[PDB]
Amino acid sequence: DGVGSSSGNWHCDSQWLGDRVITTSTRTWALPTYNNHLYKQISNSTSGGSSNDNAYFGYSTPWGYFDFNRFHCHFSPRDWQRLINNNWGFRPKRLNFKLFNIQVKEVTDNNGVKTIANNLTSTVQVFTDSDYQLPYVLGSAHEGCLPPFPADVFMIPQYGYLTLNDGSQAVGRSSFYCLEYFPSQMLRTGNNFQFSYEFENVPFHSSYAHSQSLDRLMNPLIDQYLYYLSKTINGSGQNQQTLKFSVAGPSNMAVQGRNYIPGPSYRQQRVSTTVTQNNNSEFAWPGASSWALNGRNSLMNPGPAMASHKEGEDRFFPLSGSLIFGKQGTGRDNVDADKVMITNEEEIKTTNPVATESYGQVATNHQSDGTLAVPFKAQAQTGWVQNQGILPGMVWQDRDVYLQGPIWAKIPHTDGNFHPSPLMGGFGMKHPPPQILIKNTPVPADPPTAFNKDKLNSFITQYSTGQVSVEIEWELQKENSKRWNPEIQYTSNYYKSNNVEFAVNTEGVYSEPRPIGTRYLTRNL
Amino acid sequence: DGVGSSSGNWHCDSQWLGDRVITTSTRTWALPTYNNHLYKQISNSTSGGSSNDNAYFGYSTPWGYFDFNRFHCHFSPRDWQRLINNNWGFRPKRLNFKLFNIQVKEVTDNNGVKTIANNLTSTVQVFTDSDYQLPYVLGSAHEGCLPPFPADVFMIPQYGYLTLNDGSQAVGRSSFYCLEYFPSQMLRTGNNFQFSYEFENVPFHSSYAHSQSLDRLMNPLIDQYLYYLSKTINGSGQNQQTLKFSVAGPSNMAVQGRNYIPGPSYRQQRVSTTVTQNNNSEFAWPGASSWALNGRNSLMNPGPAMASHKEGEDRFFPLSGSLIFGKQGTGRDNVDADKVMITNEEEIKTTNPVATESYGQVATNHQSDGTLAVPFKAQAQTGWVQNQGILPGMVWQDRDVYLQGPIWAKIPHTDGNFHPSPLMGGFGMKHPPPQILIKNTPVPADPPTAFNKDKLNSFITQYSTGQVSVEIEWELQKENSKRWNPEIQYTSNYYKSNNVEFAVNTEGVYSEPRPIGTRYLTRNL
Amino acid sequence: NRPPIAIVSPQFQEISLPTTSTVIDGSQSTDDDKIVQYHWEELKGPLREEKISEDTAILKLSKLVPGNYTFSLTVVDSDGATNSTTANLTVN
Amino acid sequence: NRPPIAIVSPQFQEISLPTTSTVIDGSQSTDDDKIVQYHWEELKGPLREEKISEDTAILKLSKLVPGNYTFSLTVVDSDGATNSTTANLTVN
């Protein structure tokens with residue numbers, strides 16, 4: 001309150017009470033005036049056209065929204081090391097969003113000379129969509145989230161939603177949410193904003209890789225008293241059918257009776273990082289899994305949590321089945337393979353079928369050798385199962401969350417769903433933390449002396465600045481495994497190199513070299 | 001609080017309660033924006049290369065840190081006179097650091113015209129490293145400390161640490177401390193900062209020269225009933241061995257039995273101020289004591305507290321064994337001998353071996369004149385002891401602190417150490433007063449209308465100003481010697497001269513002519 | 001990838017015996033990375049019962065006969081780039 | 001360092017067409033370590049528009065013409081030791 005008094009102190013510490021990790025964070029935000037304070041609608045008809053698949057119809061609201069659903073907004077890589085190394089899961093528990101220390105600045109352009117003097121009177125609006133009655137757009141890893149390195153000052157991304165679209169034309173159901181129609185809160189350089197949010201009961205995330213393959217869950221020393229069919233012909237010859245069973249023991253663990261079967265599968269195309277082995281044709285789009293509701297295709301990216309590759313095939317990775325984050329300084333499009341870092345998932349090859357493999361096989365006809373009056377001599381033929389739905393007793397493991405990976409994602413308000421764990425990884429919440437849309441109010445320049453009924457399109461250019469602080473207390477589940485072989489941990493290699501990992505370059509650009517998973521500890525099935 | 005209200009009054013007095021000397025001090029600070037608000041790393045690879053010895057790898061943090069570990073920040077030379085003349089020691093007891101009256105100013109450069117208008121909204125961060133979890137860089141007499149003359153307005157030095165470096169390349173252990181990752185405090189032109197710090201129990205400093213040579217500690221009137229070996233041959237001839245003892249009295253005080261022996265020694269090279277006597281070769285680097293851990297040399301500067309020269313040899317001084325402060329107006333490098341003032345240490349020649357001398361001699365073989373079946377006729381040969389480690393009952397005196405000399409220095413957090421008195425002089429504290437790192441927050445100029453995910457490298461140039469006040473209460477140990485000969489004191493010579501000592505020149509530059517020790521009073525061993 | 005800068009000091013020296021012992025510093029070897037080794041080789045000298053071969057940064061000389069000397073300091077960095085600078089020593 | 005044991009089953013088979021499709025299991029390849037690959041090559045066969053080259057453990061055959069067949073299973077372990085056992089297939 002008042003110009004000469006800071007409205008809130010810069011908290012950025014990361015306390016570790018024990019079974020609670022309060023991870024405050026603060027970055028400086030700069031927010032321009034988007035769309036000249038208008039609500040221009042967007043369609044591919046305006047963006048120059050697009051394919052049938054890429055058609056969209058939505059509105060370009062002038063509000064900027066603070067997004068912080070990426071793990072590296074809060075966790076310094078050292079904290080992320082302390083949380084993956086020794087912990088068996090975590091989940092957010094609360095939130096606290098202090099928006100303080102606004103200063104609105106007026107930009108004047110005379111003869112191409114930029115003079116920036118602040119407005120001690122202009123106001124910037126803030127409000128939280130606390131009933132989710134707006135189209136939730138947090139939850140696709142949209143690149144506008146808070147700066148990985150605290151000092152980094154970031155530009156607040158623009159808020160624009162999409163609605164129904166028959167081609168590029170709206171339909172009757174196409175909704176148009178006017179943001180100002182919501183009760184805002186006006187801050188005018190001496191005020192601060194704060195809402196506390198309580199995370200709902202979201203299940204503990206799996207921060208552990210399984211040290212017991214789901215198909216080697218048995219005892220390797222005792223038979224299993226469940227005989228399996230072993231032979232069907234006594235020997236090579238004519239008319240020598242028989243039916244010989246045998247016990248399923250440790251000598252033959254393939255045919256062993258099992259209580260549980262690996263999780264779902266939706267086969268992905270296989271592409272190998274060694275560019276020589278891939279076929280010499282453009283199979284980027286044609287030949288990748290897609291689900292295609294309403295007649296328009298869309299890549300099954302990243303799809304159901306599936307292991308990237310079979311043990312020993314490191315070079316491979318599914319076409320559209322892994323998050324592929326871009327390293328700092330990479331181009332927007334058509335970058336080479338080495339400038340983008342790929343998240344491999346070998347960590348759940350135990351209880352998930354391999355993404356590029358075909359989940360077993362199912363017999364397709366009857367092995368009735370000699371039939372009565374309709375003889376076919378049909379041998380038992382087997383067909384593969386490229387895609388398999390969830391059956392009785394099937395277990396699986398959800399996808400991993402990386403340091404550069406999303407936290408939450410609103411569960412679409414639908415009449416039903418199954419295991420709402422957002423496929424990109426994270427937590428599925430019916431009531432995620434709300435959006436915080438911020439807009440700096442228009443202030444018309446100089447209306448005419450004579451009346452005029454138009455919308456007064458001449459506003460004076462201005463922007464804002466301040467700080468934003470997101471304290472989000474996690475809850476841990478400490479590990480108490482009686483394992484004797486030393487655990488596997490995440491470390492930074494001790495070897496001389498030009499730059500320290502996760503540390504600034506000579507120019508000052510903060511570089512994250514590799515994605516950090518959260519499955520390092522081991523817990524038996 | 002508020003723009004039109006000073007946030008703290010200028011205290012600069014120096015109270016003398018009696019056995020307590022509260023020495024407040026205040027100077028005006030100006031702090032630019034270092035490194036354009038980045039964390040550029042520094043190495044000799046970037047600074048143009050260096051020798052094997054000078055390689056380093058560290059980060060150039062944009063924070064400025066207030067440093068006040070020099071005695072003349074607090075003590076006006078008159079107070080320093082009142083504290084060396086009649087006092088037998090002192091030690092800091094408390095601290096009080098009020099940072100008040102910030103004003104942030106914005107610099108605009110249009111057509112090369114500097115227009116400076118203040119920002120009533122921009123904020124400057126302050127925080128104290130109150131757990132020493134940052135690399136302590138106070139404690140090498142780094143020239144950025146508070147202005148000797150109160151009026152002097154000073155620029156806050158930049159904070160940049162060093163870590164491990166295999167050559168100029170970091171290793172795995174090389175740590176990267178991000179300063180913003182600490183809970184700051186934001187002051188925005190109407191706030192003030194204040195922390196009180198309690199000095200730990202640091203031993204009283206020795207503000208006295210010993211008036212009894214350690215080798216003349218006896219009684220010159222009585223023999224000592226401990227016979228010493230005096231003669232070994234009766235007279236010049238063949239085969240005239242004998243063994244004659246005699247009493248060690250006052251007639252021969254060299255061989256007198258003694259309880260205690262002088263302190264350690266690490267011989268330094270001898271260089272004479274009369275430039276004619278020094279040898280005609282460049283022995284600056286080659287031929288000076290160095291300790292050289294990890295394969296890289298480094299001068300033993302200033303090394304273990306050792307007396308500079310034997311009584312009467314004033315012109316000499318050890319090569320690398322004395323603090324050599326530069327007088328105001330001196331060049332950065334390659335200055336002549338008269339423009340730098342050398343601190344001689346003749347004040348502890350009593351209980352410390354001379355720096356340029358070789359601490360006695362130790363016999364190296366057995367004086368067995370005629371041996372049985374292995375005759376050698378080996379005379380008792382003696383070898384010198386250039387460097388001697390601490391033995392049982394050895395006493396010594398730590399180095400002096402000068403007016404232009406450091407106060408404290410963090411004791412490195414190691415598993416063990418011996419007599420942690422920083423060799424440059426001062427007090428060794430396991431928990432010294434913390435650093436106070438101050439940074440003025442970035443405020444991005446004008447981000448684009450379209451979104452862009454970069455670090456927003458365009459900030460508006462600005463700096464800060466205010467005052468800083470350091471009240472640091474010392475504790476004295478008054479002197480009660482029954483000496484009858486008048487004590488020796490520190491005085492300013494009564495003789496007409498162009499300028500008063502410790503007083504400003506015609507141009508206004510404050511000139512300190514000579515270093516002032518703190519060992520003037522005399523206390524018997 | 002800057003090559004090392006070999007700076008031997010002092011470059012020129014005049015010494016008259018019963019103090020033949022002279023040292024010329026070679027530790028002033030500028031480079032980005034660590035100087036892996038120093039190599040000293042004397043190109044010209046009056047015939048002596050010994051020949052100067054050493055790897056120390058600070059070259060130690062003893063028993064110098066009258067004549068003219070030209071020593072060569074060769075430095076190698078981590079990468080392998082070598083820069084050789086010569087030193088001239090003269091004894092009266 | 002035991003070499004792999006290649007056991008192809010069934011060894012001998014008598015099949016009469018409209019069921020030419022026959023599979024001979026080769027997955028019974030005993031070794032200490034993983035069998036890195038399986039190689040199938042048919043040494044003798046009646047002239048056919050196609051030649052049997054595959055890497056699958058369970059060899060799939062289709063469109064078999066009358067005659068005598070002799071298939072050869074070659075297995076390789078991690079170390080590289082190879083053991084080749086032949087299979088004889090006969091069609092009436």
# chains A, B, ... in the order shown; residues from 1 in each chain; ligands from 1

call {"tool": "closest_atom_pairs", "arguments": {"of": "chain A", "to": "chain D", "cutoff": "8 Å", "atoms": "only C-alpha atoms", "output": "Markdown table"}}
result
| residue | atom | partner | partner_atom | distance |
| --- | --- | --- | --- | --- |
| A:236 | CA | D:13 | CA | 4.8 |
| A:237 | CA | D:14 | CA | 5.6 |
| A:238 | CA | D:14 | CA | 6.9 |
| A:377 | CA | D:19 | CA | 6.8 |
| A:378 | CA | D:19 | CA | 7.0 |
| A:379 | CA | D:19 | CA | 7.4 |

call {"tool": "write_last_selection", "arguments": {"atoms": "C-alpha atoms", "output": "CSV table (one decimal), in the first residue's frame"}}
result
chain,number,residue,atom,x,y,z
A,236,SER,CA,7.0,-87.2,-36.8
A,237,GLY,CA,4.6,-89.3,-38.8
A,238,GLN,CA,1.1,-89.8,-40.1
A,377,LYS,CA,-7.1,-79.8,-41.8
A,378,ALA,CA,-6.7,-76.3,-40.4
A,379,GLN,CA,-3.6,-75.8,-38.3

call {"tool": "interface_residues", "arguments": {"of": "chain B", "to": "chain A", "cutoff": "7 Å", "atoms": "only C-alpha atoms", "output": "MDAnalysis selection string"}}
result
chainID B and resid 1:3 38:41 120:121 166 169:173 176 180:191 443:444 447:449 451 453 455:456

call {"tool": "select_by_dssp", "arguments": {"residues": "range 8-148 of chain A", "states": "alpha helix (DSSP H)", "output": "PyMOL selection string"}}
result
chain A and resi 71-74+77-85

call {"tool": "select_by_dssp", "arguments": {"residues": "range 23-272 of chain B", "states": "strand (DSSP E or B)", "output": "ChimeraX atom specification"}}
result
/B:23,26-27,29-31,41-43,50,57-59,64-65,70,90-92,94-100,105-110,113-118,124-128,154-155,158,161-163,166,169-170,185-187,193-198,209-210,228-233,241-246,261,265-266,270-272

call {"tool": "closest_residue", "arguments": {"among": "D:32, D:67, D:49, D:6", "to": "residue 85 in chain D", "atoms": "only C-alpha atoms"}}
result
D:6

call {"tool": "atom_distance", "arguments": {"atom1": "CA of residue 131 in chain B", "atom2": "CA of residue 404 in chain B"}}
result
27.8 Å

call {"tool": "atom_distance", "arguments": {"atom1": "CA of residue 366 in chain A", "atom2": "CA of residue 25 in chain D"}}
result
20.0 Å

call {"tool": "atom_distance", "arguments": {"atom1": "CA of residue 344 in chain B", "atom2": "CA of residue 523 in chain B"}}
result
20.0 Å

call {"tool": "residues_around", "arguments": {"residues": "residue 82 in chain B", "least_positions_apart": "3", "cutoff": "12 Å", "atoms": "only C-alpha atoms", "output": "mmCIF file with C-alpha atoms, in the first residue's frame"}}
result
data_model
loop_
_atom_site.group_PDB
_atom_site.id
_atom_site.type_symbol
_atom_site.label_atom_id
_atom_site.label_comp_id
_atom_site.auth_asym_id
_atom_site.auth_seq_id
_atom_site.Cartn_x
_atom_site.Cartn_y
_atom_site.Cartn_z
ATOM 1 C CA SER B 14 32.031 6.823 18.255
ATOM 2 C CA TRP B 16 33.650 5.494 24.609
ATOM 3 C CA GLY B 18 34.760 2.648 29.205
ATOM 4 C CA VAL B 21 33.800 1.299 22.285
ATOM 5 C CA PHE B 75 37.941 3.730 13.599
ATOM 6 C CA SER B 76 38.761 7.325 12.843
ATOM 7 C CA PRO B 77 42.546 7.674 13.175
ATOM 8 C CA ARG B 78 42.026 9.567 16.423
ATOM 9 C CA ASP B 79 40.030 6.644 17.809
ATOM 10 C CA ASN B 85 48.021 4.228 22.984
ATOM 11 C CA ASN B 86 46.357 2.928 26.151
ATOM 12 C CA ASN B 87 44.770 -0.547 25.773
ATOM 13 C CA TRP B 88 46.063 -4.111 25.974
ATOM 14 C CA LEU B 476 38.664 -3.428 25.659
ATOM 15 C CA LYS B 478 42.542 -1.804 30.024
ATOM 16 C CA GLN B 489 53.011 5.911 22.486
ATOM 17 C CA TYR B 490 51.832 6.810 18.996
ATOM 18 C CA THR B 491 51.928 10.508 18.144
ATOM 19 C CA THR B 518 48.441 -1.762 17.335
ATOM 20 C CA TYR B 520 52.711 0.215 21.246
ATOM 21 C CA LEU B 521 52.234 -0.423 24.961
#

call {"tool": "closest_residue", "arguments": {"among": "B:206, B:397, B:387, B:130", "to": "residue 305 in chain B", "atoms": "only C-alpha atoms"}}
result
B:397

call {"tool": "residues_around", "arguments": {"residues": "residue 80 in chain D", "least_positions_apart": "3", "cutoff": "12 Å", "atoms": "only C-alpha atoms", "output": "list in words"}}
result
residues 1, 2, 3, 4, 31, 33, 34, 35, 36, 37, 74, 75, 76, 77 and 83 of chain D

call {"tool": "write_last_selection", "arguments": {"atoms": "N, CA and C atoms", "output": "PDB file, in the first residue's frame"}}
result
ATOM      1  N   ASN D   1      32.671 -70.393 -20.124  1.00  0.00           N
ATOM      2  CA  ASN D   1      32.240 -69.820 -21.393  1.00  0.00           C
ATOM      3  C   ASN D   1      31.688 -70.901 -22.317  1.00  0.00           C
ATOM      4  N   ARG D   2      30.541 -71.451 -21.949  1.00  0.00           N
ATOM      5  CA  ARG D   2      29.943 -72.528 -22.730  1.00  0.00           C
ATOM      6  C   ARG D   2      29.355 -71.983 -24.028  1.00  0.00           C
ATOM      7  N   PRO D   3      29.605 -72.628 -25.169  1.00  0.00           N
ATOM      8  CA  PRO D   3      28.950 -72.203 -26.403  1.00  0.00           C
ATOM      9  C   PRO D   3      27.466 -72.514 -26.359  1.00  0.00           C
ATOM     10  N   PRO D   4      26.653 -71.813 -27.148  1.00  0.00           N
ATOM     11  CA  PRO D   4      25.213 -72.078 -27.141  1.00  0.00           C
ATOM     12  C   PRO D   4      24.886 -73.467 -27.658  1.00  0.00           C
ATOM     13  N   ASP D  31      21.703 -71.706 -23.692  1.00  0.00           N
ATOM     14  CA  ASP D  31      22.970 -71.016 -23.484  1.00  0.00           C
ATOM     15  C   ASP D  31      22.972 -70.398 -22.097  1.00  0.00           C
ATOM     16  N   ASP D  33      24.132 -67.256 -21.563  1.00  0.00           N
ATOM     17  CA  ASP D  33      23.724 -65.880 -21.791  1.00  0.00           C
ATOM     18  C   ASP D  33      22.642 -65.826 -22.864  1.00  0.00           C
ATOM     19  N   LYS D  34      22.145 -64.617 -23.109  1.00  0.00           N
ATOM     20  CA  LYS D  34      21.098 -64.390 -24.095  1.00  0.00           C
ATOM     21  C   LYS D  34      21.556 -64.800 -25.488  1.00  0.00           C
ATOM     22  N   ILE D  35      20.661 -65.449 -26.230  1.00  0.00           N
ATOM     23  CA  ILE D  35      20.887 -65.728 -27.643  1.00  0.00           C
ATOM     24  C   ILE D  35      20.636 -64.445 -28.419  1.00  0.00           C
ATOM     25  N   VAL D  36      21.701 -63.851 -28.962  1.00  0.00           N
ATOM     26  CA  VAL D  36      21.578 -62.525 -29.562  1.00  0.00           C
ATOM     27  C   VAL D  36      20.733 -62.576 -30.830  1.00  0.00           C
ATOM     28  N   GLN D  37      20.835 -63.661 -31.595  1.00  0.00           N
ATOM     29  CA  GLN D  37      20.075 -63.748 -32.835  1.00  0.00           C
ATOM     30  C   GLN D  37      19.926 -65.206 -33.240  1.00  0.00           C
ATOM     31  N   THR D  74      21.104 -71.433 -37.160  1.00  0.00           N
ATOM     32  CA  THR D  74      22.362 -70.946 -36.616  1.00  0.00           C
ATOM     33  C   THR D  74      22.068 -69.955 -35.501  1.00  0.00           C
ATOM     34  N   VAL D  75      22.628 -70.206 -34.322  1.00  0.00           N
ATOM     35  CA  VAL D  75      22.440 -69.346 -33.162  1.00  0.00           C
ATOM     36  C   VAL D  75      23.776 -68.718 -32.805  1.00  0.00           C
ATOM     37  N   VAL D  76      23.726 -67.495 -32.287  1.00  0.00           N
ATOM     38  CA  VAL D  76      24.902 -66.777 -31.816  1.00  0.00           C
ATOM     39  C   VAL D  76      24.607 -66.271 -30.413  1.00  0.00           C
ATOM     40  N   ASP D  77      25.570 -66.422 -29.511  1.00  0.00           N
ATOM     41  CA  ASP D  77      25.409 -65.906 -28.163  1.00  0.00           C
ATOM     42  C   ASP D  77      26.033 -64.516 -28.049  1.00  0.00           C
ATOM     43  N   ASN D  83      26.560 -72.255 -32.838  1.00  0.00           N
ATOM     44  CA  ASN D  83      26.277 -73.677 -32.955  1.00  0.00           C
ATOM     45  C   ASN D  83      25.143 -73.855 -33.951  1.00  0.00           C
TER      46      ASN D  83
END

call {"tool": "residues_around", "arguments": {"residues": "residue 263 in chain A", "least_positions_apart": "6", "cutoff": "7 Å", "atoms": "only C-alpha atoms", "output": "list in words"}}
result
residues 351, 352, 353, 394, 395 and 396 of chain A

call {"tool": "write_last_selection", "arguments": {"atoms": "N, CA and C atoms", "output": "CSV table (one decimal), in the first residue's frame"}}
result
chain,number,residue,atom,x,y,z
A,351,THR,N,6.5,-53.9,-16.0
A,351,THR,CA,5.1,-54.1,-16.0
A,351,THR,C,4.4,-53.3,-17.1
A,352,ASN,N,5.0,-53.1,-18.2
A,352,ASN,CA,4.3,-52.5,-19.4
A,352,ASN,C,4.9,-53.1,-20.6
A,353,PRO,N,4.1,-53.4,-21.6
A,353,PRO,CA,4.6,-54.0,-22.9
A,353,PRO,C,5.4,-53.0,-23.6
A,394,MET,N,-5.3,-56.9,-14.8
A,394,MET,CA,-4.1,-56.3,-15.6
A,394,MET,C,-3.5,-55.2,-14.8
A,395,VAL,N,-2.1,-55.2,-14.6
A,395,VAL,CA,-1.4,-54.1,-13.9
A,395,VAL,C,-0.5,-53.4,-14.8
A,396,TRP,N,-0.3,-52.1,-14.6
A,396,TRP,CA,0.6,-51.3,-15.4
A,396,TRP,C,1.1,-50.1,-14.5

call {"tool": "residues_around", "arguments": {"residues": "residue 97 in chain A", "least_positions_apart": "4", "cutoff": "9 Å", "atoms": "only C-alpha atoms", "output": "compact mmCIF listing (two decimals) with N, CA and C atoms, in the first residue's frame"}}
result
# COMPACT_ATOMS: atom_id res chain seq x y z
N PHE A 193 -1.77 -9.42 -4.69
CA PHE A 193 -2.81 -10.41 -4.89
C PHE A 193 -2.37 -11.71 -4.25
N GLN A 194 -3.32 -12.48 -3.74
CA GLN A 194 -2.97 -13.73 -3.06
C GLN A 194 -4.17 -14.64 -2.99
N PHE A 195 -4.05 -15.86 -3.51
CA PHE A 195 -5.06 -16.87 -3.23
C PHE A 195 -4.36 -18.13 -2.76
N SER A 196 -4.96 -18.80 -1.80
CA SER A 196 -4.48 -20.08 -1.32
C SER A 196 -5.38 -21.16 -1.88
N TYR A 197 -4.77 -22.22 -2.41
CA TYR A 197 -5.51 -23.30 -3.04
C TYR A 197 -5.14 -24.62 -2.40
N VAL A 468 5.96 -12.72 -9.06
CA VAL A 468 4.96 -13.75 -8.84
C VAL A 468 5.59 -14.85 -8.01
N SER A 469 4.90 -15.31 -6.97
CA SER A 469 5.47 -16.28 -6.04
C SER A 469 4.51 -17.43 -5.85
N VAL A 470 4.98 -18.65 -6.07
CA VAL A 470 4.15 -19.84 -6.02
C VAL A 470 4.74 -20.81 -5.01
N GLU A 471 4.17 -20.85 -3.82
CA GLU A 471 4.59 -21.78 -2.78
C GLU A 471 3.64 -22.97 -2.82
N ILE A 472 4.18 -24.16 -3.10
CA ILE A 472 3.36 -25.33 -3.34
C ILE A 472 3.93 -26.50 -2.55

call {"tool": "decode", "arguments": {"residues": "range 25-38 of chain D", "atoms": "N, CA and C atoms", "output": "CSV table (one decimal), in the first residue's frame"}}
result
chain,number,residue,atom,x,y,z
D,25,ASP,N,9.9,-75.1,-34.3
D,25,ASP,CA,10.4,-74.2,-33.2
D,25,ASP,C,11.9,-74.2,-33.1
D,26,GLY,N,12.5,-73.0,-33.0
D,26,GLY,CA,13.9,-72.9,-32.8
D,26,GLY,C,14.2,-72.2,-31.5
D,27,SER,N,13.2,-71.8,-30.8
D,27,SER,CA,13.4,-71.1,-29.5
D,27,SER,C,14.1,-71.9,-28.4
D,28,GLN,N,14.2,-73.2,-28.6
D,28,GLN,CA,14.9,-74.1,-27.6
D,28,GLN,C,16.4,-74.0,-27.8
D,29,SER,N,16.9,-72.8,-27.6
D,29,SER,CA,18.4,-72.6,-27.8
D,29,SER,C,19.0,-72.4,-26.4
D,30,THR,N,19.6,-73.4,-25.9
D,30,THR,CA,20.2,-73.4,-24.6
D,30,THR,C,21.5,-72.6,-24.6
D,31,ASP,N,21.7,-71.7,-23.7
D,31,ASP,CA,23.0,-71.0,-23.5
D,31,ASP,C,23.0,-70.4,-22.1
D,32,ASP,N,24.2,-70.1,-21.6
D,32,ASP,CA,24.3,-69.4,-20.4
D,32,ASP,C,23.7,-68.0,-20.5
D,33,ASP,N,24.1,-67.3,-21.6
D,33,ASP,CA,23.7,-65.9,-21.8
D,33,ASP,C,22.6,-65.8,-22.9
D,34,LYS,N,22.1,-64.6,-23.1
D,34,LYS,CA,21.1,-64.4,-24.1
D,34,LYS,C,21.6,-64.8,-25.5
D,35,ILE,N,20.7,-65.4,-26.2
D,35,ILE,CA,20.9,-65.7,-27.6
D,35,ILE,C,20.6,-64.4,-28.4
D,36,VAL,N,21.7,-63.9,-29.0
D,36,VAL,CA,21.6,-62.5,-29.6
D,36,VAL,C,20.7,-62.6,-30.8
D,37,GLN,N,20.8,-63.7,-31.6
D,37,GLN,CA,20.1,-63.7,-32.8
D,37,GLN,C,19.9,-65.2,-33.2
D,38,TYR,N,18.9,-65.5,-34.1
D,38,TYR,CA,18.7,-66.7,-34.7
D,38,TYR,C,18.8,-66.5,-36.2
